[PDB]
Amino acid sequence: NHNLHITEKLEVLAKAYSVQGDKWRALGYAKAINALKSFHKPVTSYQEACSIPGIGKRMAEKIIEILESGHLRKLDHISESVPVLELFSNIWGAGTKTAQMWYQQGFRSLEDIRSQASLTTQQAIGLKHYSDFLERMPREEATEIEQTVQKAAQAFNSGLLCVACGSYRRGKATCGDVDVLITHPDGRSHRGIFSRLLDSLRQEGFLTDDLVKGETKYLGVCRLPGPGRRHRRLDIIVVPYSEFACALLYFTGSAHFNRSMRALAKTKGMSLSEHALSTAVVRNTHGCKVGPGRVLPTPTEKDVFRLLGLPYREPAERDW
């Protein structure tokens, strides 16, 4: 990217808006930052600024102020609460509303939180792993965590397929957590083995805490055995085989890629989720689904793209 001196300043404002709960404004900044991250050359004109998709007059004004001043004045009037709100919302299970409430209650540090705040069960796990959950692991370690889950699941049924998704499948060198998708061509055997799997991984000491436990979705905390190991976030989802392609696509991301793809499906009277790509979806004037539509067969990720009129993108090309 040849616009670092601009995007670096925009990232600051976008994070401020995010921690402060202004999610749609933050969203607009994010997209503009990506667009600026993509454009081939340094932006030099307000007209060249408005020329990019995701950059309006408001954002070009800011970009222009940067090129002529080397500075964005609004960065000087970011509230003093923002660093504290960021600190608090980096606790897993605390978001903007909880951080803002803690702030209004007078809390300013994690010592304040530890000693005086009311914490949910999730937020107490998040706090005790605060530093660890802010770390990314090398992908080599994501592979060891995936193999640990896979070998535990395959002990129950050899026919279980286990695939690490998210940034791991997109080829990144580091991973924020591990996303393991499980299915079975059986169409049936995926049922039941999920709860038994978690008990097996608990019994050996691999799983150290549970955050979310659904019937096909688990979010938790694991740590490989031996010295020099940190606690790592682990997500596991178990899906029927008929949903594998859409679950793989969802679980692989990126998040912004999924949202773009789902928005595109909406323009075409379709709807894409981790369960299925559906056609003939009826919506009202507020974009809210009013009728379900029909599931389209998607045996492979390529079918989803094809049915959406798009060229296939391999995982590494799905960061946005």
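Numbering starts at 1 and follows the sequence shown.
Out of 133-141 and 200-208, which stretch has the higher average CA B-factor listed in the record?
Looking at the record's C-alpha B-factors, the answer is 200-208.
Quick check on the record: does 150-158 or 177-185 carry the larger mean Cα temperature factor?
Going by the record's values, the stretch with the higher mean is 150-158.
By the CA temperature factor listed in this entry, which of these ranks top: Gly28, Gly253, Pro292, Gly269?
The C-alpha B-factor peaks, among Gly28, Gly253, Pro292, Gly269, at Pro292.
Quiz for you: based on the deposited Cα B-factor, which of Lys172, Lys217, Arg73, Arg230 is highest?
Checking the PDB record, the top C-alpha B-factor among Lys172, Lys217, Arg73, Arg230 is at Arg73.
For the chain shown, is the CA B-factor of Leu308 in the lowest, middle or highest third of its modelled residues?
Its C-alpha B-factor belongs to the middle third of this chain's values.
Divide the modelled residues of the chain into thirds by Cα B-factor and specify which third, lowest, middle or highest, holds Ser260.
For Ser260, whose C-alpha B-factor we compare with every modelled residue in the chain, the answer is the middle third.
How does the C-alpha B factor of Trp92 compare with the rest of the chain: lowest, middle or highest third?
It falls in the bottom third of the chain.
Lowest, middle or highest third: where is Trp102 by C-alpha B factor in its chain?
Lowest third.
Could you look up the Cα B-factor of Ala245 in the entry and say which third of the chain it sits in: lowest, middle or highest?
Within its chain, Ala245 is a middle-third residue by C-alpha B-factor, going by the deposited values.
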